[PDB]
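Trainee: give me a 3D structure for the following:
(2 chains, ligands or ions: 8)
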Amino acid sequence: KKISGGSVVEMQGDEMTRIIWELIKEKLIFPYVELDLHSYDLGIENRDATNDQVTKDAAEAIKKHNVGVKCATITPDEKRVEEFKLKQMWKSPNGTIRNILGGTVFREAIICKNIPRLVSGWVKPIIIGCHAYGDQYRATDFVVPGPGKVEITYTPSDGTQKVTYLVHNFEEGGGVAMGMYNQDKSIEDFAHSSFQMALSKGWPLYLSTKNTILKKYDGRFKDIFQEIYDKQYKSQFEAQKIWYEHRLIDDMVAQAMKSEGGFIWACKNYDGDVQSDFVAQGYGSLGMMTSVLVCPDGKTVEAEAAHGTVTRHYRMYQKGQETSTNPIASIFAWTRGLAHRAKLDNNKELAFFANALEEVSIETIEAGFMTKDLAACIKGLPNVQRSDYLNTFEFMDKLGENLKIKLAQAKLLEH
Amino acid sequence: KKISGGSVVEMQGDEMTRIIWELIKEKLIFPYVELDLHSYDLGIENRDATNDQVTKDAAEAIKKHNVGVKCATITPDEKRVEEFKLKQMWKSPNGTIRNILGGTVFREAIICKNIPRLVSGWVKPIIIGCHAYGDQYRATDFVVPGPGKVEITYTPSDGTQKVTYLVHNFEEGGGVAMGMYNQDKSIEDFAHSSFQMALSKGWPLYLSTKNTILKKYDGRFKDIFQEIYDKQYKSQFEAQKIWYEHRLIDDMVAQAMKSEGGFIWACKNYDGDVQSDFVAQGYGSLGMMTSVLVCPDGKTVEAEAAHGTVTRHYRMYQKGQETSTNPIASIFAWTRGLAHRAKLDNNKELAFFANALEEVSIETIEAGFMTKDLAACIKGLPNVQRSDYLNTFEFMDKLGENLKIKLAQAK
Ligand SMILES: NC(=O)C1=CN([C@@H]2O[C@H](COP(=O)(O)OP(=O)(O)OC[C@H]3O[C@@H](n4cnc5c(N)ncnc54)[C@H](OP(=O)(O)O)[C@@H]3O)[C@@H](O)[C@H]2O)C=CC1
Ligand SMILES: NC(=O)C1=CN([C@@H]2O[C@H](COP(=O)(O)OP(=O)(O)OC[C@H]3O[C@@H](n4cnc5c(N)ncnc54)[C@H](OP(=O)(O)O)[C@@H]3O)[C@@H](O)[C@H]2O)C=CC1
Ligand SMILES: O=C(O)CCC(=O)C(=O)O
Ligand SMILES: O=C(O)CCC(=O)C(=O)O
Ligand SMILES: [Ca+2]
Ligand SMILES: [Ca+2]
Ligand SMILES: [Cl-]
Ligand SMILES: [Cl-]
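Mentor: Residues are numbered from 1 along each chain as shown, chains lettered A, B, ... in the order given. Ligands and ions are numbered 1, 2, ... in the order given. Find the structure here:
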């Protein structure tokens, strides 16, 4: 340790990303940065041991210290309950953290010049602004055991009326039902975040919904975005030769896929979750994407790997087999978190370290040292040989050596 | 015409697809086929005039005659109501028809050997099996005007205790809320048709859900699929060296995009809607995709163009400007419908015509006669010149001339 890093909230995760997370801290961060680290173990077992309280504590720590960096975590279903003998099917820690913090999760591919894409046309970045709040991640779903009536009701706080809507009358057998919601103020912040990102990047903005089907639910998003655009951003967009357009989600994915990129894509929570993997995979690999929750206040951020815990690679690791899991997304959670930390504290030295590690990461890959997923982008997966990539530790170790070099050269300047 | 086709339910549509729809009948179908056509005008105007009853009437007719062919239609929102002076924001006719018929909507790209793909790896087809029933198309959504409590309740029909769940307490301001549902029996049919499709085509089957998040709702899909697979199809899949696997939706789309294709993709209603256009565009163009609703009974079918009314092109046809709109999907609604009509009636000569017209369509494009969209797949849109494609009316004529030759040669 040497650089004064400041207060950072660290959230440890599960399976293969937990392995990578420790290597990142051991080989890339702690040798060069001293941190007032507020660590919360969001491993599935410690969440289970604290009845998921540790997750809530972590989110509140992020509000207090303004910078969070999170490792990928298991969201358990019935299979996971059996695997770890869990007490309950705990809720997604990301859902919990995102709805406590609110805001927009901006996601963007991490691009290296030597990594071919699956979508050849994407010569410019696509940035998804994913609404962090509401919808499926806060839904209330249940099994309908048999015939009966499902209704959804609204009662104003003053209790002067009650509106009851019929969802469905199950006449023969049961099934499933769910309710979900969103809030105006959150949608408004989501809109402001989306318009400001497009102006910051100088690119057009597109919002996707399905308002032809969900005329009230999605129509609200469409209406709030439009009212804010016409009233506070159309002039600035027109001044920068950019524009805002609402599109039906299904037409948006097709247009995005045949475009050349270079636009901000405001997505509802569920769509941003799914399409950000469409985008990440289209540029090359799920391992090559940044994901930063930006709250409305502007001062608090949570950086994360958007991909999962890579269970399949972890199973190989458990058997002693060689893995080649891409750590770039996990590394950029740290760099994006520390960069925001540096901005808040006017820490020029930490700002340099953060950008230097991002540069090292891209320079290492562009020099031909990469994990198997990226080697498969260059060649074809059926043509990849072992000599074409580095295993998980080898790649981390190469990054470590290149980081030591770049930081050593930085000290050889006149100071 | 002189080919006895039989009874067919027609559903006319809106805007650009309505123009193409009549050109297909006047030039590709009627000249050669005589059939008892039960026409229902699902144009936005007639739907408004009949308070959408024509849509429901058309759905019931399909259940009676077993084969329907549907043109793309407008699903009106606010801006559409102002456009046509509508009485109400009529529900999507597709949602209406699909929930009345139920079943699974199987969507597959229409492949031509000379049209490059956006996803280079997709050398084998991807067949999406989209659950036709429930979910967003039957949801109940509303605006929450201010602070208050939204709750969802289940009152069992057996008199036992009512179950109430809190959806959200709005404390500061309002927002939106919605309820949706699905039925076990429909999910069971959706699963059976997915496993049967995979076995008939000889490809593995994937089901996508977000059951880690919707643990009960999506878990029900996952459990029902797995139950039926283990009890009724696992041995058959192993016999054909294929497999069934559940994947989280975001993993699925990423796995699909880097795959070589060649699998059946079972989607919930919403995912199938979005990802079918992902698949269609990835193979080349939204105009090159078939969409057929297969009812559970297996003997009833509704064929359609998966894509919409191509509104942007219609604003050019209204301004007298040349357009190049791909009619192949609309044509294949007829051929897939007439084909199933022939399978039911054991009509060997109608089946030949249906298959002949599909071949003519693909042979014409593979000979270099195509609409602008397919020219863009080859040369890239920034490099497309007028000589590289045929406008909508020129392309329909080239197809009809190739059909007259394909058939007459058959004699
Ligand atoms: N906290 C979070 O942000 C998220 C957590 N999860 C959780 O992760 C667990 C596993 O989810 P799963 O659906 O398997 O999704 P993952 O994203 O963990 O993995 C799916 C596949 O994507 C590829 N992949 C993803 N990340 C990388 C990487 N860094 N390097 C190389 N390949 C990568 C691998 O493909 P291949 O097998 O072809 O090598 C992997 O098998 C679940 O418990 C889920 O709840 C899931 C998503 C997000
Ligand atoms: N009947 C149905 O199942 C559907 C109905 N609709 C309805 O259609 C209307 C328009 O919907 P929208 O979101 O614009 O989607 P569309 O599918 O109608 O059009 C979106 C874009 O896709 C491309 N495209 C689609 N079909 C073709 C084709 N046959 N040939 C060439 N290009 C094609 C065009 O791209 P480009 O502009 O780049 O040329 C077009 O602008 C709405 O009223 C909607 O409700 C929508 C979807 C399905
Ligand atoms: O939290 C989860 O279980 C999944 C999260 C996810 O997939 C995403 O953030 O894109
Ligand atoms: O009916 C609608 O409005 C949308 C239909 C659609 O896009 C689909 O079938 O995928
Ligand atoms: Ca995701
Ligand atoms: Ca669609
Ligand atoms: Cl905040
Ligand atoms: Cl039926």
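
Trainee: which helix or strand contains the residue in the stretch 151-300 of chain A that ligand 5 sits nearest to?
Mentor: For the stretch 151-300 of chain A and ligand 5, the shortest gap (C-beta to the ion) falls at residue A:273, measuring 4.3 Å. Every residue, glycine included, has its C-beta placed from N, CA and C. Secondary structure from DSSP states H and E places residue A:273 in helix A:269-283.

Trainee: try residue A:302
Mentor: strand A:301-304.

Trainee: residues near the residue of the stretch 151-300 of chain A closest to ligand 5, how many?
Mentor: Neighbourhood size, residue A:273 [other C-beta atoms under 10 Å in any protein chain shown]: 24.

Trainee: excluding sequence neighbours, find me the nearest residue to it.
Mentor: residue B:250 (5.9 Å; C-beta to C-beta, 6 or more residues apart in numbering or on different chains).

Trainee: residue numbers of chain A in contact with ligand 6?
Mentor: Residues of chain A lying near ligand 6 by C-beta under 5 Å from the ion: residue A:250.

Trainee: please enumerate the strands of chain A.
Mentor: Assignment of strands within chain A using DSSP state E yields the ranges A:3-12, A:33-41, A:67-70, A:104-109, A:126-131, A:140-144, A:148-156, A:163-170, A:175-183, A:205-209, A:244-248, A:263-267, A:289-294, A:301-304.

Trainee: which stretch among those is buried most, on average?
Mentor: Highest mean neighbour count of the strands of chain A: strand A:67-70, a mean of 28 (counted as mean count of other C-beta atoms under 10 Å in any protein chain shown).

Trainee: so which elements touch that one?
Mentor: strand A:3-12, helix A:53-65, helix A:93-101, strand A:301-304, helix A:328-345 (3 or more C-beta pairs under 8 Å, 6 or more residues apart in numbering or on different chains; DSSP states H and E).

Trainee: one more pass at 7 Å, please.
Mentor: Under the contact criterion of 3 or more C-beta pairs under 7 Å, 6 or more residues apart in numbering or on different chains; DSSP states H and E, strand A:67-70 touches strand A:3-12, strand A:301-304, helix A:328-345.

Trainee: quick one: strands adjacent to it?
Mentor: Strand pairing for strand A:67-70, using DSSP bridges, gives strand A:3-12 (parallel), strand A:301-304 (parallel).

Trainee: list the contacts of the shortest one.
Mentor: For strand A:301-304, the external contacting residues (C-beta atoms under 7 Å, 6 or more residues apart in numbering or on different chains) are A:62, A:67-70, A:97, A:101, A:291-294, A:333, A:336-337, A:340.

Trainee: out of those residues, which comes closest to ligand 6?
Mentor: Of these, the one sitting nearest to ligand 6 (C-beta to the ion) turns out to be residue A:291, at 27.1 Å.

Trainee: hey, what's that closest one bridged with?
Mentor: Going by DSSP bridges, residue A:291 is paired in beta bridges with residue A:107, residue A:304.

Trainee: and for residue A:6?
Mentor: residue A:35.

Trainee: relative to ligand 5, how far out is it?
Mentor: 30 Å (C-beta to the ion, to the nearest Å).

Trainee: so who does that residue touch?
Mentor: With the criterion set at C-beta under 7 Å, 6+ apart, residue A:6 makes contact with A:36, A:341, A:345, A:347.

Trainee: in those, find the pair that's most separated.
Mentor: A:36 and A:347 (12.6 Å; C-beta to C-beta).

Trainee: show me what contacts residue A:263?
Mentor: A:126, A:203, A:204, A:206.

Trainee: mind telling me which residue of chain A is nearest ligand 4?
Mentor: Among all residues of chain A, residue A:212 sits closest to ligand 4, at 4.7 Å; criterion: C-beta to the nearest ligand atom.

Trainee: isn't that residue right up against residue A:249?
Mentor: No. Using C-beta atoms under 7 Å, residue A:212 is not in contact with residue A:249, being 10.1 Å away.

Trainee: more neighbours: which of the two?
Mentor: Legend: neighbour count by other C-beta under 10 Å for residue A:212 and residue A:249, higher for residue A:249 (23 against 19).

Trainee: mind listing what that one touches?
Mentor: So residue A:249 contacts A:208, A:209, A:210, A:271, B:274 (C-beta under 7 Å, 6+ apart).

Trainee: identify the farthest-apart pair in those.
Mentor: The largest separation in those, counting by C-beta to C-beta, is between A:209 and B:274 at 11.5 Å.

Trainee: what's the nearest residue in the stretch 101-250 of chain A when you look at ligand 2?
Mentor: Counting by C-beta to the nearest ligand atom, the stretch 101-250 of chain A gets nearest ligand 2 through residue A:248, at 4.2 Å.

Trainee: beta partners for that residue?
Mentor: With DSSP bridges as the rule, residue A:248 is bridged to residue A:209.

Trainee: got phi/psi on the closest residue to ligand 7 within the stretch 251-400 of chain A?
Mentor: At 3.5 Å from ligand 7, residue A:295 is the closest residue in the stretch 251-400 of chain A, using C-beta to the ion. Per-residue torsions, residue A:295: phi -80, psi 160 (degrees, to the nearest 10).

Trainee: what residues does stretch A:155-168 touch?
Mentor: With C-beta under 7 Å, 6+ apart, stretch A:155-168 has contacts from A:150-154, A:177, B:140, B:142, B:146-149, B:179, B:181.

Trainee: hmm, I typed the wrong one, I wanted stretch A:397-405.
Mentor: So stretch A:397-405 is contacted by A:27, A:28, A:357, A:360, A:361, A:363, A:364, A:369, A:390 (C-beta under 7 Å, 6+ apart).

Trainee: again, only using 8 Å
Mentor: Residues outside stretch A:397-405 that contact it (C-beta atoms under 8 Å, 6 or more residues apart in numbering or on different chains) are A:27-28, A:32, A:327, A:331, A:356-357, A:360-361, A:363-364, A:369, A:390.

Trainee: can you say which of those are buried?
Mentor: A:27, A:28, A:32, A:327, A:331, A:356, A:357, A:360, A:361, A:364, A:369, A:390 (16 or more other C-beta atoms under 10 Å in any protein chain shown).

Trainee: restrict these to contacts with ligand 7.
Mentor: For ligand 7, no contacts are drawn from the buried ones among the contacts of stretch A:397-405 by C-beta under 5 Å from the ion.

Trainee: make CSV out of these and add distance to ligand 4.
Mentor: As requested, these are exported to CSV (distance: C-beta to the nearest ligand atom, whole Å):
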residue, distance to ligand 4
A:27, 48
A:28, 45
A:32, 52
A:327, 38
A:331, 39
A:356, 47
A:357, 44
A:360, 45
A:361, 40
A:364, 43
A:369, 44
A:390, 43
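
Trainee: among those residues, which lie within helices?
Mentor: A:331, A:356, A:357, A:360, A:361, A:364 (DSSP state H).

Trainee: quick check: the first one touching residue A:359?
Mentor: Right, the one you point to is residue A:331. No. Applying C-beta atoms under 8 Å as the test, residue A:331 and residue A:359 come out as separate, 11.6 Å apart.

Trainee: list the buried residues for stretch A:213-229?
Mentor: Neighbour count says stretch A:213-229 has A:213-225, A:228-229 buried, by 16+ other C-beta under 10 Å.
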